[PDB]
Amino acid sequence: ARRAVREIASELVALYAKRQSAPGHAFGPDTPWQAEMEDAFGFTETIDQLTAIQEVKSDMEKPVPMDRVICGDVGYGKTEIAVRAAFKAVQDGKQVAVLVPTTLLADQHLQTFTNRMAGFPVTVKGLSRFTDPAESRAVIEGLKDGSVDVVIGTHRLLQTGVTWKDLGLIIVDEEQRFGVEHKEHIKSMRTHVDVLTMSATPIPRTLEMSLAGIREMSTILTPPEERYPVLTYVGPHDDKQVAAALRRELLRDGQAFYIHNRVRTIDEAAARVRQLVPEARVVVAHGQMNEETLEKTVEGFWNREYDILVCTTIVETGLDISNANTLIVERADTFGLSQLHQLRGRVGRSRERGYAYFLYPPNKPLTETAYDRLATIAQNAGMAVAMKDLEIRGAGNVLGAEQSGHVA
Amino acid sequence: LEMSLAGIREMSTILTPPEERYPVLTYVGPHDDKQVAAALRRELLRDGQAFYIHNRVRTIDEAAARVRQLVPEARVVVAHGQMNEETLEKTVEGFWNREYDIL
Amino acid sequence: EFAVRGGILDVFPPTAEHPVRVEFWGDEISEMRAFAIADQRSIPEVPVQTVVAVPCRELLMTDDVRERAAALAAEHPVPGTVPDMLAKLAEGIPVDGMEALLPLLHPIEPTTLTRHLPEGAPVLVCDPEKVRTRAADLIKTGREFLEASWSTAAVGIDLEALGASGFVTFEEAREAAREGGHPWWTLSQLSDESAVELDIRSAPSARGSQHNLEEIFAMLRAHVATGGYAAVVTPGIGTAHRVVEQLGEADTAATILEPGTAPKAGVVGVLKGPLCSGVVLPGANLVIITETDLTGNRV
Amino acid sequence: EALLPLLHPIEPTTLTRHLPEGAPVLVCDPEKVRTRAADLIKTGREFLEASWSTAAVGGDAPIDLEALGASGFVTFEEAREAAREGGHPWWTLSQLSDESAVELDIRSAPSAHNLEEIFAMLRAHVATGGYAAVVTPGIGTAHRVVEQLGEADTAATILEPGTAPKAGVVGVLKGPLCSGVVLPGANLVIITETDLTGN
Amino acid sequence: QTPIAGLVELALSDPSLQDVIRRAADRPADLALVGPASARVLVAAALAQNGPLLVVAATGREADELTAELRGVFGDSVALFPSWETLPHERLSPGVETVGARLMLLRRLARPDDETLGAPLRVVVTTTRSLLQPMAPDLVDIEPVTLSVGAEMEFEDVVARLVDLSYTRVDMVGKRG
């Protein structure tokens, strides 16, 4: 363990040394327009958000090349600190680039950025998978005169032929979701330019204290509004109950997730849902799907062109659909407890309450492994073994290695 | 028959002169999945609705499943005379108020 | 949830901001502290005098429901099953979905909300037409969940005894309100020759336009020059000074009003408060515009 | 018509080349037009791929659908440049407020109760000595409006076609105007019948 | 007839609409207006004071409505360039009525001073479909069949020209073409 662990620490202190030793153009004080934009925030800031806001402004004003991550799960003021850090960097002459692993995140952050920086001469565009070369090549990719100040894009911004006339800030949300061929680029551009990364996977409290001097880290935990728990039913799969819960979402003009993990029989499952709810736009999405149809299918889902998304566990966990507030999981005995927690987490995260249905088959009796696991989900200590799992994956992202043979 | 009954049962036979009638564009030819699917997507694009005809009620659920295979994003129901009168008048009033795409 | 130590019981009422720590000395409460969930430690900066622990479910766990559930368990002797509920209900432990068995667990002549208002208190229905369509969808959604979650295939129970707990119609609720002494009054925005119309009209909305906004500002300026009252109500936070600046730009004087006070005649008053849309009362020589009326974004 | 790049191969032109040499182009709701343009080539390409594919056309000879594309829809930017590069300016009218654009001092007619409030609306403006007009599709509906508005204490006449409304009295008129305009610069209010009625 | 021509001329007296034609007179490469859809009629009627004009709406329904209210001010000077009902590569010919309307307007634009076709066109309203759809340049060059009383022509030559214009032959006419 120690000998394997020592390689991690050495590479992390070496990156910290190479960062504080190398040169870096600092950013000036706050532009007067920056404070007016803080008034434009239509909500109250949390204590952790404001204190993190001062922590992101300290090392940007400092001559150090910045490398900080923001921790805390979805729905917090994380993207807001990105908009202010981006406004302070544009209002000091430099440009901002926002790298996201999905084009949905490109469209979402683009909308969040354009809305906030309206009423100010902050030119903002976006280059993702679905944009014509007329706007891509000329407006977005045609960056050499410094026209676009802030851009939100995908790995398409890492192609050979992209330039940035005096760029000064880079923002990467969910860095771990990039490819190996792209994470090397984002890992390279760290000493040259002040960067700020964002993440929702939590790290253990012991880890955060351990690397307090090596990896500068600003985590937030004060909630803006209290999240109220989703109502969870666990039981046998009945078509009339599935149809009532789906119809209850469509009535409130909401969407729903329908989990079917076996891709070989995923279209058979959609046909069953269309049969039950014939007034629902029902589409499927999985990883064995080619990339363009997947990003287009979920582009439409976010744009409310579909009502039920029959997707796999790995598609659903990587999607922020605040309007999807009902989760239905066929064959809930087939899932680890931590997978049920993650599936359930991405619904009902807003002011409107969510509903989660964990259904086991009615044709066969349950095994000895599942009856208590599903009962443990019905209960509002046995789940603690599964939330410790969610910390393991986060530790593999901040340490830069899986070391699966040494964790076990 | 109209003038034969002129004294008994009078009529005001108002009709559309074929000069003011915009006819329906009719295509004849072999069945093609992509052609049928594209023609339904075009109608659905302008927020329209469509009739899909199938008389063998015993296999009409297969027919709905087959058009759902052609256009998965469409909402599709069946309506036939062997139904309960309520479920048919229900299915029909839903189709009129645009709750369904293909009938 | 409630925890029990020696002489200390922690309890978290469902209607409370924080849980409270109750400490006894003999058989009386010695001290009461409010604590936090994260660190389980007392919070001394908030004081408590009394705490009221209302029920967490709309019934009382009695012996009658324990024997009536055990008798119903003899009719149907896995978590999502009906007998599993009645099994824990035979022991006196509540479970989810319980709220569907009160017609069988606690048989009682059900009343409705109006009975609980004090004698003579009226009921004001806002947009009764929209209330009726919503009443239709609720009853339809309610009976759909009854047939779905309480079918004979779901239990492996008489649905019409359960129907006593289901939604009653708009007219059954209106008559129940009038039979109990509560007048049924309505306020609608659609016309009616049978109704009294109020000398009140809605406020101008800017709809994201600049000339709209300049017009509304010129309207408020002309009205305070009249000698009438004008008020811009701001629900948002830190967005009242911006309105004062926008009215100064529009050659209109305005101050920020101390909360609770009324505006002064001849000066536009910017008041922080909850108001979703503005109002014009020419009888009161008063016009109110809200932040949503100027920007077009709800809060 | 779907085989004309092959039955009559000629360099295709566009509608702009047929307009008078000075005529400009004003596009209404240009983002909707662009969105519709993305739907038109998508449905268009869908039909081309569907109607002349290998599985539909007879064997032993394919169809040159790259050549058929000479008649398919041009793109939104391609028709915008081909218009301005031929003498036809590409001007824009939009509903979404733009700061680099020029905003007309024109308000939409408020009409969606909202009936007597609109007749009081017109009675208050007509009393101020400002121009006002009502436009109905039918001449019978106009005469219904001259005394529907007459039931309230507000004068109302009938205008002759092609005549300007009087300076003090409202007036119903036969016209095809869909919705009305409110223009303070001329002290003018037009109320249509489509927005005044519930139809 | 031009019923609301005086009412629209009444509305064009506003300095903002007077501005739009002041800027459009100089003919700038870039001009972006913003206003309610209720003002489409006035803006088109404003730009028409300087000369011809093409107005493009998104859907055919909006083009029909805009052409309709525009006929209340300019009468026969407004005309619609209609859409196809079939995509350019669809195994289905478009409407004979709409093809006629398109070709009739293309020649009206070619021959503004020809009374046989209508008044000189000041506003032509069309859709994004017909704006983006390419056409053959020689469509206007197809000579129509003009029949007036007293015109000396051959019977069989008029018949042979009508079929050349894709007219179907019948024993009894029942449809157009």
# chains A, B, ... in the order shown; residues from 1 in each chain; ligands from 1

call {"tool": "interface_residues", "arguments": {"of": "chain C", "to": "chain D", "cutoff": "10 Å", "atoms": "only C-alpha atoms", "output": "ChimeraX atom specification"}}
result
/C:188-192,197,200-202,204,206-212,215

call {"tool": "closest_atom_pairs", "arguments": {"of": "chain A", "to": "chain C", "cutoff": "12 Å", "atoms": "only C-alpha atoms", "output": "tab-separated table"}}
result
residue	atom	partner	partner_atom	distance
A:35	CA	C:238	CA	11.2
A:36	CA	C:242	CA	9.2
A:37	CA	C:238	CA	11.0
A:38	CA	C:238	CA	9.1
A:39	CA	C:238	CA	5.8
A:40	CA	C:239	CA	7.6
A:41	CA	C:237	CA	8.6
A:42	CA	C:236	CA	6.6
A:43	CA	C:237	CA	7.1
A:44	CA	C:237	CA	7.4
A:45	CA	C:237	CA	10.5
A:221	CA	C:38	CA	11.2
A:222	CA	C:38	CA	11.5
A:226	CA	C:17	CA	11.0
A:231	CA	C:96	CA	9.7
A:232	CA	C:96	CA	9.3
A:233	CA	C:80	CA	7.7
A:234	CA	C:80	CA	5.7
A:235	CA	C:80	CA	3.6
A:236	CA	C:80	CA	6.1
A:237	CA	C:80	CA	9.5
A:238	CA	C:154	CA	7.6
A:239	CA	C:148	CA	8.2
A:240	CA	C:148	CA	4.9
A:241	CA	C:148	CA	5.2
A:242	CA	C:148	CA	8.8
A:243	CA	C:148	CA	8.6
A:244	CA	C:145	CA	6.2
A:245	CA	C:145	CA	8.5
A:246	CA	C:141	CA	11.3
A:247	CA	C:141	CA	8.5
A:248	CA	C:141	CA	7.4
A:249	CA	C:141	CA	11.1
A:250	CA	C:141	CA	11.7
A:251	CA	C:137	CA	8.7
A:252	CA	C:137	CA	10.9
A:357	CA	C:80	CA	10.7
A:358	CA	C:80	CA	9.7
A:359	CA	C:80	CA	8.8
A:360	CA	C:80	CA	9.3
A:361	CA	C:80	CA	11.4
A:362	CA	C:154	CA	10.4
A:365	CA	C:78	CA	9.2
A:366	CA	C:78	CA	8.2
A:367	CA	C:78	CA	10.7
A:368	CA	C:78	CA	11.1
A:370	CA	C:78	CA	9.9
A:371	CA	C:78	CA	6.5
A:372	CA	C:79	CA	8.9
A:373	CA	C:79	CA	10.6
A:374	CA	C:79	CA	7.9
A:375	CA	C:79	CA	6.4
A:376	CA	C:79	CA	10.2
A:377	CA	C:79	CA	10.5
A:378	CA	C:79	CA	8.3
A:379	CA	C:95	CA	9.7
A:380	CA	C:1	CA	10.2

call {"tool": "atom_distance", "arguments": {"atom1": "CA of residue 88 (chain D)", "atom2": "CA of residue 14 (chain E)"}}
result
26.0 Å

call {"tool": "closest_atom_pairs", "arguments": {"of": "chain D", "to": "chain B", "cutoff": "10 Å", "atoms": "only C-alpha atoms", "output": "Markdown table"}}
result
| residue | atom | partner | partner_atom | distance |
| --- | --- | --- | --- | --- |
| D:39 | CA | B:45 | CA | 8.3 |
| D:40 | CA | B:42 | CA | 9.5 |
| D:43 | CA | B:42 | CA | 6.7 |
| D:44 | CA | B:38 | CA | 9.4 |
| D:45 | CA | B:38 | CA | 9.9 |
| D:46 | CA | B:38 | CA | 6.5 |
| D:47 | CA | B:38 | CA | 6.2 |
| D:48 | CA | B:35 | CA | 9.5 |
| D:49 | CA | B:34 | CA | 8.2 |
| D:50 | CA | B:34 | CA | 5.1 |
| D:51 | CA | B:35 | CA | 6.1 |
| D:52 | CA | B:35 | CA | 9.6 |
| D:53 | CA | B:34 | CA | 9.2 |
| D:55 | CA | B:32 | CA | 8.9 |
| D:56 | CA | B:32 | CA | 7.6 |

call {"tool": "residues_around", "arguments": {"residues": "residue 6 (chain E)", "least_positions_apart": "3", "cutoff": "10 Å", "atoms": "only C-alpha atoms", "output": "list in words"}}
result
residues 160, 161, 162, 163, 164 and 165 of chain D; 2, 3, 9, 10, 11, 12, 72 and 73 of chain E

call {"tool": "write_last_selection", "arguments": {"atoms": "N, CA, C and O atoms", "output": "JSON list (two decimals), in the first residue's frame"}}
result
[["chain", "number", "residue", "atom", "x", "y", "z"],
["D", 160, "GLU", "N", -65.50, 55.29, -43.42],
["D", 160, "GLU", "CA", -65.47, 54.90, -44.82],
["D", 160, "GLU", "C", -64.12, 54.24, -45.14],
["D", 160, "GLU", "O", -63.10, 54.58, -44.54],
["D", 161, "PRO", "N", -64.11, 53.27, -46.05],
["D", 161, "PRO", "CA", -62.84, 52.60, -46.39],
["D", 161, "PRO", "C", -61.81, 53.60, -46.91],
["D", 161, "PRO", "O", -62.11, 54.46, -47.73],
["D", 162, "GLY", "N", -60.58, 53.46, -46.41],
["D", 162, "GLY", "CA", -59.52, 54.36, -46.80],
["D", 162, "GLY", "C", -59.59, 55.74, -46.18],
["D", 162, "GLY", "O", -58.95, 56.66, -46.68],
["D", 163, "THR", "N", -60.36, 55.90, -45.10],
["D", 163, "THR", "CA", -60.48, 57.17, -44.40],
["D", 163, "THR", "C", -59.84, 57.06, -43.02],
["D", 163, "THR", "O", -59.92, 56.01, -42.37],
["D", 164, "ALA", "N", -59.21, 58.14, -42.59],
["D", 164, "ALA", "CA", -58.56, 58.16, -41.28],
["D", 164, "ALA", "C", -59.60, 58.36, -40.18],
["D", 164, "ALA", "O", -60.57, 59.11, -40.36],
["D", 165, "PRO", "N", -59.44, 57.69, -39.04],
["D", 165, "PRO", "CA", -60.35, 57.91, -37.91],
["D", 165, "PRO", "C", -60.36, 59.36, -37.46],
["D", 165, "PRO", "O", -59.37, 60.09, -37.59],
["E", 2, "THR", "N", -58.77, 49.01, -50.77],
["E", 2, "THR", "CA", -57.79, 49.30, -49.73],
["E", 2, "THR", "C", -58.50, 49.90, -48.52],
["E", 2, "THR", "O", -58.46, 51.12, -48.31],
["E", 3, "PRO", "N", -59.16, 49.07, -47.71],
["E", 3, "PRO", "CA", -59.97, 49.61, -46.60],
["E", 3, "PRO", "C", -59.17, 50.36, -45.55],
["E", 3, "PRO", "O", -59.50, 51.50, -45.21],
["E", 9, "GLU", "N", -51.73, 54.52, -43.08],
["E", 9, "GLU", "CA", -51.05, 55.79, -43.35],
["E", 9, "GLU", "C", -51.16, 56.72, -42.15],
["E", 9, "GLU", "O", -50.26, 57.54, -41.92],
["E", 10, "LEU", "N", -52.24, 56.60, -41.38],
["E", 10, "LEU", "CA", -52.34, 57.34, -40.13],
["E", 10, "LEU", "C", -51.29, 56.88, -39.12],
["E", 10, "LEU", "O", -50.69, 57.70, -38.42],
["E", 11, "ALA", "N", -51.05, 55.57, -39.06],
["E", 11, "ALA", "CA", -50.08, 55.03, -38.11],
["E", 11, "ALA", "C", -48.64, 55.28, -38.53],
["E", 11, "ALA", "O", -47.75, 55.31, -37.66],
["E", 12, "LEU", "N", -48.37, 55.46, -39.82],
["E", 12, "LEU", "CA", -47.01, 55.69, -40.28],
["E", 12, "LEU", "C", -46.49, 57.08, -39.95],
["E", 12, "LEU", "O", -45.30, 57.35, -40.18],
["E", 72, "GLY", "N", -55.28, 44.75, -47.11],
["E", 72, "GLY", "CA", -56.15, 45.81, -46.65],
["E", 72, "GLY", "C", -55.58, 47.19, -46.82],
["E", 72, "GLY", "O", -56.32, 48.16, -46.70],
["E", 73, "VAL", "N", -54.28, 47.31, -47.10],
["E", 73, "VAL", "CA", -53.64, 48.60, -47.27],
["E", 73, "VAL", "C", -53.16, 48.81, -48.70],
["E", 73, "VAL", "O", -53.32, 49.90, -49.25]]
